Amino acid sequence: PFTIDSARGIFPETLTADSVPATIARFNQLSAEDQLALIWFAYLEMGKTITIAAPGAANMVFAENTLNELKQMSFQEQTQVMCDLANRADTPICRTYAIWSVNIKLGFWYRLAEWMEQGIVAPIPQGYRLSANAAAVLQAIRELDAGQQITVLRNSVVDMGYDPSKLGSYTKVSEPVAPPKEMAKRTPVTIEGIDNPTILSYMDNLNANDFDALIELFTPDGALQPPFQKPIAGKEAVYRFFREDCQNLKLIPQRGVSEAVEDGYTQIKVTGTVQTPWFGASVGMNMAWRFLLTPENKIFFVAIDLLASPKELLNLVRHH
């Protein structure tokens, strides 16, 4: 009947932005030097219309030792470390970076971007010439919508460093968890077409960084699938993902539809936008949420999708 694997397929008319993994695959064909140059140029152009937020103090304490090593290196040595990261080389810095959470790696590169601008780290060489393929990948990124662009950039960062699979057993380094926003101060979401209390609780608890309440919405074996990734299965792993990767999001759902399927279960699709704390309101990612709920309104499965275009925000099929 329903398994996690079959639940992945609900609302199959939902068109996701698979140009993100497509573009990443093209990017991964390029030399390390062209990868760095390409991201430099893309980030420079993006900055003209989107506004990145500075990393917090606790984010940066974990990257500090590595950044100070870099601050001291020659321009040549600095470039070599950056190429090592892009190449996923086996070096001490690449092994250190492999155990950092997503947001720590992002803060590392945001500091390097500042330093490269303002003189401290080796710039991209003046008159650098991208390969023909790299020039085309950069143009492809320019034509993506902002939500797709920042997803490509983040993925490129997350994939650098030594393969964490190749490390064995290892302590993942992550920020302290923010406290749940006071109940009184929360702003509840509204969703046109949906009043299911679990769906509203999922949105509101995530918006409040209240992961202990969020996780109780799931079945013990319930799964969550982030954009372009495999399902994270079971409360233990979902709860860790929440606390590690999901703080300070702003979910802005707009509309949804609900459909009874077999055995008192119910499949629900919501569309809307999401803001990441890295860009705030300057980037609104067009998202769908696809939930499979038990008769007791528990989340058996939820998939979160980055949508191919804004048209898909209105794609809400009520009968299958």
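In this text, residue numbers run from 1 along the sequence as written.
Q: Between 142-150 and 71-79, name whichever shows the higher mean Cα B factor according to the PDB entry.
A: If you average the C-alpha B-factors of 142-150 and of 71-79, the larger mean comes out for 71-79.
Q: Comparing 20-28 with 305-313, which has the greater mean CA B-factor as deposited?
A: It is 305-313 that shows the higher mean C-alpha B-factor.
Q: Checking the record values for 160, 215, 184, 249, which has the greatest CA B factor?
A: That would be 184, according to the entry.
Q: Of the options 287, 261, 46, 36, which has the highest CA B factor as deposited?
A: That would be 261, according to the entry.
Q: State the tercile, meaning the lowest, middle or highest third, of residue 97 with respect to the CA B-factors recorded for its chain.
A: Its C-alpha B-factor belongs to the middle third of this chain's values.
Q: By its CA B factor, does residue 105 count among the lowest, middle or highest third of the modelled residues in the chain?
A: Its C-alpha B-factor belongs to the lowest third of this chain's values.
Q: Quick one: classify residue 273 as lowest, middle or highest third of the chain based on its Cα B-factor.
A: It belongs to the middle third of the chain when residues are ordered by C-alpha B-factor.
Q: Tell me, lowest, middle or highest third: where does the Cα B factor of residue 173 rank within its chain?
A: Its C-alpha B-factor belongs to the highest third of this chain's values.
Q: Going by what the PDB entry lists, where does residue 220 fall on CA B-factor within its chain: lowest, middle or highest third?
A: Tercile = highest for this residue's CA B-factor.
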